[PDB]
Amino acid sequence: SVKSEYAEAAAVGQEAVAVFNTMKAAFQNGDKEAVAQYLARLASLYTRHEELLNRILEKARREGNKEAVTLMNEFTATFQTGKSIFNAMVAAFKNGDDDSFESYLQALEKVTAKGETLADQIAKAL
């Protein structure tokens, strides 16, 4: 069901949360080799999450589930804010700009924490 596909998508989201927090620790410790690997892992995780969310939104649309579509349009928009900030963080790492990396990292945390009430609403709506 679309609901079970959303729970599968929620787990992937949580996998990225885990890898992100490991990555933050590595950054703070200056283990740049680890950071590079974690950033690659996050890129794959976010790409997978984005795809599952799109399939869920498209299904909710085909089902005529107007409230779920509204919530998923809002949530996917916020997901893209996170994606843009993530990509900027990756660029800051490439460039050696630790000040920008730190900035983008906190911002990505706040965008993600904000979006969690909506994430829980979607589970109930599908």
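The term rigid core refers to the maximal set of C-alpha atoms that superpose within 1.5 Å between the two forms. Residue positions are given as counts along the sequence shown, with the first one as 1.
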| property | result |
| --- | --- |
| Core-fitted comparison in 8 other deposited structures of this protein, 112-120 vs 98-106, farther C-alphas | 112-120 |
| Entry-level comparison of average CA B-factors, 5-13 and 113-121, reporting the higher stretch | 113-121 |
| Stretch with the higher entry mean CA B-factor, where the candidates are 96-104 and 65-73 | 96-104 |
| Third of the chain, ranked by Cα B-factor, where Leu57 sits | lowest |
| Third of the chain's Cα B-factor distribution that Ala43 belongs to, per the entry | highest |
